[PDB]
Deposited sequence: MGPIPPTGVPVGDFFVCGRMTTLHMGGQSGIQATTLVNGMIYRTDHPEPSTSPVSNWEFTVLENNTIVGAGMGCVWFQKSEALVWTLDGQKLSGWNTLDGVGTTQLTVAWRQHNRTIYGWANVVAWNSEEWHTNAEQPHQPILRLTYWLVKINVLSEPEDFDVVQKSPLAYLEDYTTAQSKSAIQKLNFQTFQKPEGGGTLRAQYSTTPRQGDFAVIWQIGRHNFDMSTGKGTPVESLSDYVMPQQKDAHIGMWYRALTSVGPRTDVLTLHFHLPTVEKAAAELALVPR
């Protein structure tokens, strides 16, 4: 027996495993941005309507989600498979996968690319937080297929990042809150309240990306539509989370390499 080549589009809910490259790293002009992997562009001034984050998921002109992070990959290196229990039911490719009518708008430095990508599939997972009408914290991600080649300009902008909630802080030691997730502004060492979005290689037409948001929002697994996260602060998580969707460490780390391998799992409409 020789090896099985990847063939056909996934039938039903599926897994994607690949090296996924962070769209931009957090920097300062003239300094290569090598570790700040979760700088999330946050812009409340606005120029279809857009969210407060870099990406906006749209049904026509209605915001149904936001993207505060983005990793991308080409179809050639991604592993794609489906399971029947523990049995392998398909060893597939993303070549020719269908898309939904949900679109993604990309807000760049001084322009917005509407129709930049279309949503293919998605996943989401909640983690109960202390609060009443407020949605609990959720991590939602969408697989998207890029429609157009757009080259983004690097620019300095307010960026939020996850971290532990630290008090009595020095670089050598701090008091770490036992139950908290924090999100704060990371500014560049020269100041200004902003951090440079230093873009790397960017997806082209037919490439794929995963965009995600984390924070208080609602989401409908059956349709891929929810609400955009409005803003980020600190959250108390009173119970353990034994999660399933595979994005949590990538979404919550303060530092990391620009690219690493991730396996994500996706639901179709």
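Undergrad: Note down, first to last, the deposited-sequence stretches for which the model contains no C-alpha atom.
TA: No coordinates exist for the deposited residues in 48 to 51, 136 to 137, 276 to 289, so these stretches are absent from the model.
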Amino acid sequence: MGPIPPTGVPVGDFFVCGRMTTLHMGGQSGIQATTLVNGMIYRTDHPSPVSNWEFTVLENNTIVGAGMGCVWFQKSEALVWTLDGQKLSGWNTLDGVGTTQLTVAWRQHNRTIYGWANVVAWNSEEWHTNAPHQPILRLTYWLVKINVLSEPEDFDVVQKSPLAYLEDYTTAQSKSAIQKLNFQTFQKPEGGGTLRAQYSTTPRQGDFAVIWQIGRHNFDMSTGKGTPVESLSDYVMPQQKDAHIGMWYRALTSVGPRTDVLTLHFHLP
From here on, numbers count along this sequence of modelled residues.
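Undergrad: Out of 18 to 26 and 5 to 13, which one has CA B-factors that are higher on average in the deposited record?
TA: Averaging CA B-factors over each stretch, the winner is 5 to 13.
Undergrad: Per the record, averaged over C-alpha atoms, which has the higher B-factor: 222 to 230 or 199 to 207?
TA: Looking at the recorded C-alpha B-factors, 199 to 207 comes out higher on average.
Undergrad: Could you tell me which one of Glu190, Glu125, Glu167, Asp156 shows the highest CA temperature factor in the PDB record?
TA: That would be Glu190.
Undergrad: Go through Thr140, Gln179, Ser76, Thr171 one by one and give the residue whose Cα B-factor in the PDB entry is largest.
TA: Of the options given, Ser76 has the highest CA B-factor in the PDB entry.
Undergrad: What third of its chain, lowest, middle or highest, does the C-alpha temperature factor of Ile31 fall into?
TA: Highest third of the chain for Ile31's C-alpha B-factor.
Undergrad: Per the entry's values, where does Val104 land by CA temperature factor relative to the rest of its chain, in the lowest, middle or highest third?
TA: As the PDB entry reports it, the C-alpha B-factor of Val104 lands in the lowest third of its chain.
Undergrad: Please say which third, lowest, middle or highest, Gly90 falls into when its CA temperature factor is compared across its chain.
TA: As the PDB entry reports it, the C-alpha B-factor of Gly90 lands in the middle third of its chain.
Undergrad: Which third of the chain holds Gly215 when residues are ordered by C-alpha B factor: lowest, middle or highest?
TA: CA B-factor rank for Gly215: lowest third.
Undergrad: Using the temperature factors of the C-alpha atoms in this entry, rank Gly67 within its chain: lowest, middle or highest third.
TA: Middle third - that is where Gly67 ends up once the chain's C-alpha B-factors are sorted.
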